[PDB]
Amino acid sequence: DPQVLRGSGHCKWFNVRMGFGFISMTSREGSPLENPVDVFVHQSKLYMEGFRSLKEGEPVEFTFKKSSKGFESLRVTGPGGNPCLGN
Amino acid sequence: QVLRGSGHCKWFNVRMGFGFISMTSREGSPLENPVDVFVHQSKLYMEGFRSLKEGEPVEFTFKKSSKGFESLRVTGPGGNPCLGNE
Amino acid sequence: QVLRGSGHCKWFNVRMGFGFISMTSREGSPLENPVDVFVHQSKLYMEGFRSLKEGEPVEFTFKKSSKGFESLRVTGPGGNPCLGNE
Amino acid sequence: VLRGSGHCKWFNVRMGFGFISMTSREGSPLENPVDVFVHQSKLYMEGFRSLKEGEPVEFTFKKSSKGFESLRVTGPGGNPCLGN
Amino acid sequence: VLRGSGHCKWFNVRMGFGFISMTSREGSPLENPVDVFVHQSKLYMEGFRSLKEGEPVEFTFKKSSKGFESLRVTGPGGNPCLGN
Amino acid sequence: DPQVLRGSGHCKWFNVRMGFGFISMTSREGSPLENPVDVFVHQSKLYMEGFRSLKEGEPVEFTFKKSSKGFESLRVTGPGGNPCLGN
Amino acid sequence: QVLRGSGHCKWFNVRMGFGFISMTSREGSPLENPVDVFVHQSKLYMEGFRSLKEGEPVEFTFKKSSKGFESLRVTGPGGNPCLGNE
Amino acid sequence: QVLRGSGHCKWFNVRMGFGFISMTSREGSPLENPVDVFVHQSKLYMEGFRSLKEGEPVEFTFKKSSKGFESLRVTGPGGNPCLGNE
RNA sequence: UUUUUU
RNA sequence: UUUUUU
């Protein structure tokens with residue numbers, strides 16, 4: 001298979017009761033995007049210990065794929081591959 | 001004032017209980033460019049299991065949020081129950 | 001006999017389904033220091049999804065419980081519906 | 001980050017939360033304990049997460065609308081909590 | 001169908017079950033109570049289902065590998081259980 | 001829309017941890033079937049009070065529809081429209 | 001002896017966590033007429049969220065039950081993780 | 001100090017995730033009348049989905065609890081895995 | 001089918 | 001993301 005796509009951006013929203021949200025992707029494959037793209041993010045894909053969440057606006061890096069949703073994340077970290085911080 | 005629009009389901013993930021509506025009319029006027037409106041299963045007017053099916057026509061109230069726009073209450077045309085994809 | 005108080009929502013977490021009220025009046029007399037009263041979503045008087053918004057004013061019945069106080073029924077001022085923040 | 005230590009005051013497994021009696025704040029012993037809210041999601045341990053009344057804990061916390069709210073709770077030395 | 005009456009012996013809301021002390025079996029008073037298992041799913045009431053220690057109950061039951069196992073539990077007169 | 005299809009039969013299996021099972025349909029639209037047809041049944045569709053379940057072999061009547069699953073039930077009762085009995 | 005077969009996913013309901021495998025080989029021999037084998041998500045060898053995608057090739061162990069036949073452990077070809085439809 | 005016993009599964013419900021053991025030996029001495037010991041799925045020594053089958057023989061550590069006895073660790077004879085019945 | 005997460 | 005029901 002082709003290698004998975006990668007990008008970076010920030011959390012648009014994340015609802016912890018729902019257990020999901022969206023990332024605004026502002027860079028893709030190492031190049032800035034003129035127009036940001038929303039990417040779905042589920043709690044199960046967040047790299048961090050304990051309860052998993054993202055804070056609005058928090059910077060993230062991720063791998064993702066195309067789907068019927070548009071685009072969805074496969075694994076999500078903070079900058080530098082650090083754990084996400086969450087709320 | 002509560003914001004009102006109409007359109008059709010863009011897509012809906014039945015397992016996760018949410019999707020998006022493509023809004024094609026807002027506040028009584030047609031939109032040339034459709035606008036995505038988030039929709040959660042809990043906001044759907046219908047009996048039994050709540051979901052939407054891609055393409056089904058909807059009328060709804062909504063509000064601005066960090067999601068962009070999100071639904072408050074969603075029905076089919078004329079206030080009919082939504083159909084869904086159970 | 002149920003105890004009566006009023007105050008405001010201290011906090012409420014909708015994933016948890018509960019929070020605390022800061023009681024600032026008890027049996028009609030004002031308190032200088034607020035008193036914590038537990039509040040479960042199942043006790044909130046309102047339609048739809050039940051929650052409280054931080055700071056919203058509430059009236060309630062409550063009882064003594066092993067570790068403090070727990071509300072039995074919670075309304076807004078005048079017995080109106082709570083407002084919420086889902 | 002704020003840190004303290006103490007012991008479980010009480011814990012409610014129906015609702016998934018309790019209180020810690022904080023007896024030291026940032027390494028300074030307190031004459032009287034301070035209440036710290038603790039949700040089950042904060043407890044470092046495998047399986048069903050709870051605290052046993054009186055068990056010793058070490059924790060990070062913050063000021064919030066809850067009062068003092070624990071963020072990550074362990075036993076002594078960073079080891080898992082015991083629970084019931 | 002077997003029927004009896006009694007009161008809640010104890011109830012565990014973490015695990016969702018308890019025991020009824022059956023003090024009458026098919027309308028006949030018992031010198032000593034008989035244990036009857038009760039799962040939360042059997043309790044006739046709205047909302048969160050539990051029994052309060054000592055609350056009076058009326059119930060159908062059967063013999064099973066549990067011993068005596070309640071099938072539908074109400075309060076006096078077929079009214080809802082009270083719970084905690 | 002056309003009226004919903006109806007049939008009768010018996011529970012093939014029902015797993016209460018899963019919350020679902022299958023019905024073996026042996027009559028459809030009031031006529032016996034030479035070859036029985038399996039019809040999915042979810043707990044939410046069982047007409048009865050309290051915890052919802054079917055016992056293996058229990059006789060049922062139901063409305064159903066075609067789906068990607070094959071066929072799935074819309075509402076399930078016992079004989080005569082009586083509540084299901086369950087376990 | 002544990003029963004072994006191979007085939008492909010017939011269909012799989014991701015929300016409900018189950019489906020059927022169309023078994024086209026059993027105990028080393030080809031089947032002319034495929035045989036339905038129930039499969040639950042809990043029996044799928046793969047990391048992360050467990051499901052199957054319609055048509056994906058599978059190898060599995062199974063047993064007779066009131067379901068007809070049901071899977072005990074399911075992999076892709078050669079023992080590979082299943083692919084799924086998350 | 002943990003108490004030791006052996007016996008057999010009285011019943012086990014996999015939706016509940018628990019059951020009871022009938023203890024028929026305590027600290028190596030036989031009992032005429034079996035004694036109930038609660039058993040949670042989380043205490044069962046086996047791979048995969050944890051359960052007990054009615055009548056299967058077990059060995060265990062246990063403790064006194066407020067309403068009876070509760071098992072701490074449960075195995076089959078000789079410390080082998082429990083068998084189960086999912 | 002003790003998810004205000006059907 | 002207190003579902004051995006991810």
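Proteins get letters first, then strands, A, B, ... in listed order; numbering begins at 1 in each. Values below: every heavy atom of this structure, side chains too, minus hydrogens, waters and symmetry copies.
Applying the side-chain hydrogen bond (donor to acceptor under 3.5 Å, both in side chains) rule to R72(E) yields no partners; only residues at least two apart in sequence or on another chain are considered. Legend: residues meeting salt bridge (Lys or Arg N to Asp or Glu O under 4.0 Å) with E54(B), ordered by chain and number and at least two apart, are absent.
Side-chain atoms of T77(F) never come within 3.5 Å of backbone atoms of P83(F) as a donor-acceptor pair (strictly under, hydrogens ignored). For the pair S53(F) (side chain) and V16(F) (backbone), a donor-acceptor distance under 3.5 Å is absent. Side chain of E56(C) to backbone of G84(C): a donor-acceptor contact under 3.5 angstrom is found.
Candidate nucleotides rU2(I), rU4(J), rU5(I) were compared by shortest atom distance to the side chain of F51(F), and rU2(I) ranks first.
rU1(J) atom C1' lies 9 Å from atom CD of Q40(D), rounded to whole Å. Taking atom CD of residue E86(G) and atom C1' of nucleotide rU6(J), one finds them 9 Å apart after rounding to whole Å. With rounding to whole Å, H42(A) atom NE2 is found 10 Å from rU5(I) atom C1'. Between the CZ atom of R52(A) and the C1' atom of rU1(J) there is a distance of 4 Å, rounded to whole Å. When rounded to the nearest whole Å, the span between CG of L43(E) and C1' of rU1(I) equals 14 Å. Atom CG in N85(H) sits about 17 Å away from atom P in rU4(J), given to the nearest Å. Straight-line distance from the CG atom of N84(D) to the P atom of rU2(J): 19 Å, rounded to whole Å. Across the protein-nucleic acid pair, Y47(F) atom OH and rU1(I) atom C1' stand 17 Å apart, rounded to whole Å.
Within residues 12-20 of chain C, the residues that have a heavy atom under 4.0 Å from RNA chain I are, in order of number, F12(C), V14(C), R15(C), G17(C).
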Begin from the C-alpha positions of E86(H) and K53(H) and carry the test salt bridge (charged side-chain N to carboxylate O under 4.0 Å, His left out) through to its verdict.
CA-CA 8 Å; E86(H) 182 192 354; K53(H) 175 182 169 92; over 6 Å; no
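With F49(G) as the aromatic partner, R15(B) meets the cation-pi criteria of under 6.0 angstrom to the ring centre and within 45 degrees of the ring axis.
Rounded to a whole angstrom, the distance from the P atom of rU6(I) to that of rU4(J) is 14 Å. For the P atoms, the distance linking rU5(I) with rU5(J) amounts to 22 Å, nearest Å.
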